[PDB]
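Only one structure is covered here, and it is reproduced in the block below.
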Amino acid sequence: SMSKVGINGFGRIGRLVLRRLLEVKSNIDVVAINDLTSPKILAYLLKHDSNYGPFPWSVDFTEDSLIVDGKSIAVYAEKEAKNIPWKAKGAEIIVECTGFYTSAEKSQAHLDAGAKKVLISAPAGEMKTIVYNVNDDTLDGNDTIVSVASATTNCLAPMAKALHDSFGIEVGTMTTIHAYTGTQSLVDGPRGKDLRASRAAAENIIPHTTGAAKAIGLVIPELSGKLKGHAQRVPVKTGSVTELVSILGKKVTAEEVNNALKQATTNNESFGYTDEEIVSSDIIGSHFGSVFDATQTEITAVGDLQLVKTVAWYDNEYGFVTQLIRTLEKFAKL
Amino acid sequence: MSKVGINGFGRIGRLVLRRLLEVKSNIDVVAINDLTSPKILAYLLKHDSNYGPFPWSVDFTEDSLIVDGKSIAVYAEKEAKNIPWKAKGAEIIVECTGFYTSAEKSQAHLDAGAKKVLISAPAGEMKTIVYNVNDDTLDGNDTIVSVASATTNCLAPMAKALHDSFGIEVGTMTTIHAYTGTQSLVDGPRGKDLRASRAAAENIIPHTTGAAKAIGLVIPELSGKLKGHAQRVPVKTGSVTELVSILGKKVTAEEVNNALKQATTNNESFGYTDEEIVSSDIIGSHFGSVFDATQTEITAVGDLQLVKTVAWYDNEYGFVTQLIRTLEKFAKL
Amino acid sequence: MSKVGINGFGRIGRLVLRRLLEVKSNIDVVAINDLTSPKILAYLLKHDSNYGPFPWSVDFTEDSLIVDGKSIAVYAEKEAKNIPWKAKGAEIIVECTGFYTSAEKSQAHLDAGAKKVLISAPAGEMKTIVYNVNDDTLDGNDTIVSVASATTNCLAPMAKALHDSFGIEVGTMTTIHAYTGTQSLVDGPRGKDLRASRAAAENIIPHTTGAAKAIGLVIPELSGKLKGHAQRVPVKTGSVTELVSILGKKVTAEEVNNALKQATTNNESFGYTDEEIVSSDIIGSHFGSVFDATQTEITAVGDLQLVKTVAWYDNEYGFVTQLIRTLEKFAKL
Amino acid sequence: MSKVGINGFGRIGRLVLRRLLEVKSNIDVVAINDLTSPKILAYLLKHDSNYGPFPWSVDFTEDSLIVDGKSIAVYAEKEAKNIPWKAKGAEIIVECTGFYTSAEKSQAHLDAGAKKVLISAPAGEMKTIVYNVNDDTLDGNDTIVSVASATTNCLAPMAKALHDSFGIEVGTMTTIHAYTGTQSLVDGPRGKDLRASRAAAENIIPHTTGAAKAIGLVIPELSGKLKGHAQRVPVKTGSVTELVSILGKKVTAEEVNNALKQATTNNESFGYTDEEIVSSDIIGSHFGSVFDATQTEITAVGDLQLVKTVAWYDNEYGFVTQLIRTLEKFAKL
Ligand SMILES: NC(=O)c1ccc[n+]([C@@H]2O[C@H](COP(=O)([O-])OP(=O)(O)OC[C@H]3O[C@@H](n4cnc5c(N)ncnc54)[C@H](O)[C@@H]3O)[C@@H](O)[C@H]2O)c1
Ligand SMILES: NC(=O)c1ccc[n+]([C@@H]2O[C@H](COP(=O)([O-])OP(=O)(O)OC[C@H]3O[C@@H](n4cnc5c(N)ncnc54)[C@H](O)[C@@H]3O)[C@@H](O)[C@H]2O)c1
Ligand SMILES: NC(=O)c1ccc[n+]([C@@H]2O[C@H](COP(=O)([O-])OP(=O)(O)OC[C@H]3O[C@@H](n4cnc5c(N)ncnc54)[C@H](O)[C@@H]3O)[C@@H](O)[C@H]2O)c1
Ligand SMILES: NC(=O)c1ccc[n+]([C@@H]2O[C@H](COP(=O)([O-])OP(=O)(O)OC[C@H]3O[C@@H](n4cnc5c(N)ncnc54)[C@H](O)[C@@H]3O)[C@@H](O)[C@H]2O)c1
Ligand SMILES: [Cl-]
Ligand SMILES: [Cl-]
Ligand SMILES: [Cl-]
Ligand SMILES: [Cl-]
Ligand SMILES: [Cl-]
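Next comes the structure, spelled out in structure tokens:
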């Protein structure tokens, strides 16, 4: 069993990866970290978190390492993945969280740099892409580079799966009202080519493209090409919600849709259920990838024309991370 | 009837007066009712967190505002039946408190000596007006009317245009809506709406709204064919409405965009953009709705088609501009 | 041991219960009074926008909350003299409504059957306790006591240490303070504080506070020597207190900081940090005040010296841990 | 001189243009350098999250902006020496990038054919100007000059008036300051400054500034007498500076306010308010600083006296107005 892990990109997602690993007392062992800064700065960011608060374990550092819960972790500072000295500590599986290696072509650099497998924390083109407890059974021993898609995908997928299986989804469109992230702007200024991303993220509702629905065929093959959607990025720091409007393959009531979602969430560590009147901050630190909200279910019908709107919460930082880590633990034991 | 009183000199009520002054209306605000002192109403009029300084002079006396040199009586009667509207001859009441959103309740303004009420919110089965959609329905004998919600003013012009051009068979709405005074600053009781008891500037809060459900009051042919809800989020004003529809015809995005553009032409109430705007860009809008071509989306599989269309709105000032047009026509009957 | 009643199950009132259970306190909370239904209180206790899910089970009946399987009676009496405290034998009331902040007002809890009241806000000239500064001034005869504001609880430990080590000749205080429920979500009337009427999540808002003015109730040697005020800013909790002092002695930054470290040693109410923290890092703190040596500043010209000292506080949970420490001593008397 | 280039079409860079157009300056912006396309600078000039739509037409080509029907070249040179300032006759450079804050560094604008540079930030030991305090120190032989920070333009007028009337023997400043582009959107490395790495809109963030430390360049007799810092907070623009001074005379609050009223009278750079304003009320201010008499505070204990004076400022637009004033005068020498 491959127990030894490297994290590339010790950011929002990367830091939480470590946090979650120590929280579930995993046999997986983080032996090296690569970013662009000093151990001092990484230690400060790891110790102090604006969203989840103080790190639950001891954090200290050296000129070339972090010391977390008494255990030493090497820190490297290589912009180019192929130069990361992963063999020095035996980093076997790389959790790729930088945002700059989101393809097989790009992420294979880690293999050149001496790692064995790569798990990418973002969509990454047409490669094996896993949403745990939806399609993790498609994983095998020959998968060497894998994607876990976006938080949004981990939110949409299990909801869509439940619907697909119970009723059919003949066509649908998704809007996620999504917390702001590092790809957006603090103040109005250039942010590559996306004009909207240029705008101050905490002062606006900002429409934003996402591939979650578009590329859903990678997770649920039978819905391939049948979903579209987008994001409205809004001023909350983490916690998001996905709405899916579907034409289903069967006439339904709200109760029928809600019972089917309940069943699919039963005995399911990835996919939660609620009928409580919750709001976005209640999902912060969720250990699910998705939490279906029965109180938002809505059936609109005129004769035989039926629209069905299903809604699910997700903590796009930690909740997602819990999915990444479930996927990682299975990856390592193949 | 050129003389007006305002009940509820709140976010809507105050902007009502700003807008009347902005368009040099021959309507005359003579009286204002609220729950507080003139000092406090005057500070609030003078200094606005969303729109900045009042462009006119503002002073007060122990019973009045003086706005741009003109005296406006202030009353503090929590029951509308006790507002002395006849003292300064207030004929038309712009009801902006949120406590009289029905025929039965706003009757109190007429028992109190006014002739007409225009309610700044939905109010059941009464004439409900979205200006430049169904304003031709207003009548000389109408005494109590609604301008519905800001959300309704945003949805209706979009739904009207899609209805006329393609037909809407069924549809559902979500508005990503700026927070409002019906919500809470900090977590705490807010009557019986549990979601509304939560800190509004720190949460995405789902919230019910009749905008889609009551659309039949504005566009009879769409009666019962829409439903919808809001997601309240931390921006102070400026909101967006997404409508997802099954249309009566197969379409292209370009065809939808051009139909909509046609409907916005020479339309003081319904605006158009294909610029990559965000919500703060709608703050101060003088339209009730601004349709956004950049977010049009056609999802097609074989014969099936879903069409997502989206319009922005300044739920405060933009809605107010619709309220004033509706009031300018209401007063000349 | 003792049985308590909570009046005002609000931001402070709910966190009092959370903290009592977290420390496995002997105190049993037996009754709660507020203005609403058990359903609404259970919703609010369960789901907290600042601290997340309640760590215990929460349920309700028509007259009660059930928390970790223990029943707590719920009443809805706006006048404290009508709260049936005797029905469950609540002898110590934790007064958290904002409406009984005087000895004559909180007396009504004793007329209703309680023995002692601890008030969760400044309450005039009464025994006013900052735990680990002046908790020794409590005795078997006190029946109504105050714990001051969160700001007093931030200020008084810093001021006491400076007092004891160097003397404070005079000083002034400014706290950059999270917004609270006394402010407004949207621009609108809020009693006679004009500034409190303005949208709290969208402004820096100057705001009056007695923490400095009434510090003598907690540190008698400093009566009349300190003034200050707050700037309310848009963070939901997490506040910081700066104090500019002329000290009695003449000092280096290092020396100020050593004095404060000693004062924070084996002191569960008052903490120290030399880490570059920001306000969200204090959220959930089990201190009333955390002195920050990084912000210490000595400005000096000739024999003239200004000393600025800065301390953080979670005005919500942090304060509450102080209230609970004080509440535990006050029960045992 | 009437021919200017802007390096750094950022928050400050864009408002420079907006302001020159607002005052009908007979300076013309002929060229603009940044790191992006004309399409992106046009989108940004046209849509502003703080100040709304551009008041004038904005269009572009692949190498220019068309603003109010006039062409302005756009270049994208990382290094200032590589900028074709020569080409359109760029005489005075407004250096608003943050990256060329010295004489040596802004030299490069001269090495590429510009005469003068006006830097929009503190720039070490060079001629540093707060308009209507020390603009009389500008001469014809000046090439590279600074207008310091917004905080310096806030602090200087107030300090100047206190110094003239009473003397400041020593003093310390805290500015409660709107977040800027130098801070982080989410927790992440921002060079070596640990505090600047933290999410700016979710925290009160202590932060260093030289406004007080370098006041000597603006007010030579206050040299080395002041210190201070900032608490960055979650508002988008609009800040406030607090100064605690030991003055050279005993004073009342009335005496301190009248002296400030006098200094502000027919002073287009420095404003006065007796109204209970909040940060958003300063947004769009045409002053560098607005002294607020409602926050003046005198703490007296015998011969010892601390005086807190407080001034508001729009760190974006308000600072800009000072910049222009200085620019217009720099041009004519
Ligand atoms: N934030 C979310 O909501 C979220 C959710 C799910 C997935 N993701 C995805 O996870 C990835 C990381 O997101 P994030 O939000 O943590 O971003 P982030 O900016 O917080 O973190 C990126 C980290 O990588 C470092 N980095 C950048 N370039 C690098 C390089 N060449 N080499 C090494 N380190 C480098 C940065 O210094 C930073 O620590 C992205 O692909 C993102 O799309 C994000
Ligand atoms: N804010 C928006 O986005 C928006 C948009 C469109 C319509 N509306 C509607 O307009 C109405 C007002 O909304 P708002 O945002 O201005 O509310 P708000 O809370 O800002 O204002 C309400 C005003 O009414 C006063 N008031 C309350 N009860 C009263 C009584 N019994 N008598 C007299 N005055 C009383 C308050 O003091 C306050 O000044 C509501 O019906 C609301 O649904 C709001
Ligand atoms: N930062 C803080 O929030 C903080 C810190 C220290 C002290 N305090 C003090 O504690 C007290 C409460 O502050 P809060 O933030 O919890 O307020 P809050 O508004 O969150 O809580 C008040 C609660 O009291 C209830 N209430 C109001 N009037 C009542 C009455 N007559 N009878 C019974 N219940 C009533 C409300 O329904 C609400 O649940 C205040 O005196 C406040 O100054 C607050
Ligand atoms: N924001 C404020 O409140 C404020 C107030 C007073 C002074 N200032 C000062 O003004 C300057 C600009 O601040 P800002 O807030 O506008 O920053 P900003 O980040 O908005 O603007 C910086 C602009 O410079 C551009 N840029 C960066 N490097 C460049 C280069 N090498 N060549 C050309 N362009 C480059 C960026 O693309 C951006 O458009 C800073 O020096 C700051 O200290 C800012
Ligand atoms: Cl590489
Ligand atoms: Cl898509
Ligand atoms: Cl509905
Ligand atoms: Cl005081
Ligand atoms: Cl300094």
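Protein chains in written order, with the deposited numbering: chain O, 0 to 333; chain P, 1 to 333; chain Q, 1 to 333; chain R, 1 to 333.
Heads up, the beta-carbon is just placed ideally off N, CA and C, and yes, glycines get one too.
In this structure, the beta-carbon distance from Q:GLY238 to Q:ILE283 falls below 8 angstroms. With a cutoff of 8 angstroms on beta-carbon distance, Q:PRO234 and Q:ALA200 are scored as near each other.
Contact check between the region 67–75 of chain Q and the region 26–42 of chain Q: three or more CB pairs, one atom from each, fall below 8 angstroms, which counts as touching. Near ligand 7, residues with a Cβ at less than 6 angstroms from any of the ligand's heavy atoms are P:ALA212, P:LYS213, P:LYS227 and P:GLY228; the list follows chain order. Residues of the region 273–291 of chain R with a C-beta atom less than 8 angstroms from some C-beta of chain P are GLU275, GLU276, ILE277, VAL278, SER280, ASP281, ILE283 and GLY284, listed in chain order. For Q:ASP111, there is no enclosing beta strand (DSSP E); the enclosing alpha helix (DSSP H) covers residues 103–111.
Nearest C-alpha to R:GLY171 among R:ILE215, R:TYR317, R:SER49 and R:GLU104: R:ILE215. In terms of CA proximity to R:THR180, R:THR151 leads the group R:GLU169, R:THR151, R:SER165 and R:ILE168. By the Cβ test, the region 93–111 of chain O is in contact with the region 3–13 of chain O, since at least three Cβ pairs between them sit closer than 8 angstroms. The chain-ordered list of residues whose CB is nearer than 6 angstroms to some heavy atom of ligand 4 reads O:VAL186, O:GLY188, O:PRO189, R:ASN7, R:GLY8, R:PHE9, R:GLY10, R:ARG11, R:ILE12, R:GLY13, R:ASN33, R:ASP34, R:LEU35, R:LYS78, R:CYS96, R:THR97, R:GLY98, R:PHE99, R:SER120, R:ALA121, R:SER149, R:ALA150, R:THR180, R:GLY181, R:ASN315, R:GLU316 and R:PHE319.
Residue environment for R:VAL23: exposed (fewer than 16 other C-beta atoms within 10 angstroms of its C-beta). The Cβ-Cβ distance between R:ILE219 and R:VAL133 falls below 8 angstroms.
By the beta-carbon neighbour count (other beta carbons within 10 angstroms, threshold 16), P:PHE54 is buried. For Q:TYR43, the C-beta contacts it makes with chain O under 9 angstroms involve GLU275 and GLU276, in order along the chain.
Around the Cβ of O:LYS308, a 10 Å sphere holds 16 or more other Cβ atoms; the residue is buried. If only complete runs of 3 or more residues are kept, the region 218–280 of chain O shows the beta strand (DSSP E) at 226–233, 239–247 and 270–273, in order along the chain. Across the region 292–306 of chain P, CB contacts with chain O closer than 9 angstroms involve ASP292, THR294, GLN295, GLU297, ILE298, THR299, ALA300, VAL301, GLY302, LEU304, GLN305 and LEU306, in sequence order along the chain.
Judged by beta-carbon spacing, O:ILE176 lies within the 8 angstroms limit of P:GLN231, meaning their Cβ atoms are closer than that value.
For ligand 3, a non-hydrogen atom lies closer than 7 angstroms to the CB of Q:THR101.
Residue nearest to Q:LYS332 within the set Q:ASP193, Q:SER25 and Q:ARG19 is Q:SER25 (criterion: CA-CA distance). With its beta carbon at least 8 angstroms from every one in chain R, P:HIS207 lies outside the interface.
Scanning chain R for C-beta atoms nearer than 9 angstroms to the C-beta of Q:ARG190 yields nothing, as the closest lies near 12 angstroms away.
Here the region 72–87 of chain Q lies against the region 32–43 of chain Q, with 3 or more beta-carbon pairs under 8 angstroms apart. Between ligand 5 and the CB of Q:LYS236, the shortest heavy atom gap is not smaller than 7 angstroms. Non-local beta-carbon contacts of R:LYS78 in its own chain, meaning distances under 8 angstroms to residues more than five positions away in sequence, involve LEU35 in chain order. Pairing R:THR321 with R:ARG19 gives a Cβ-Cβ distance under 8 angstroms.
Secondary structure of O:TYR75 (DSSP, three-state): strand.
Among the residues of chain P, those whose CB is under 8 angstroms from the CB of Q:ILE40 are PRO189, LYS192, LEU194 and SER197, following chain order.
Chain-ordered, the chain Q residues with CB closer than 7 angstroms to the CB of P:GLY10 read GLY188. R:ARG190 and R:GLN183 have their C-alpha atoms spaced approximately 7 angstroms apart. About 6 angstroms separates the Cβ atoms of P:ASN50 and P:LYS236, confirming a contact at the 8 angstroms cut-off. Taking a C-beta distance under 8 angstroms as the contact criterion, P:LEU155 and P:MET173 qualify as a contact pair. The straight-line gap separating the alpha-carbon atoms of O:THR208 and O:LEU194 is approximately 11 angstroms. Taking 8 angstroms as the upper bound for CB-CB distance, Q:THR143 and Q:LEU118 are not in contact here, some 10 angstroms apart.
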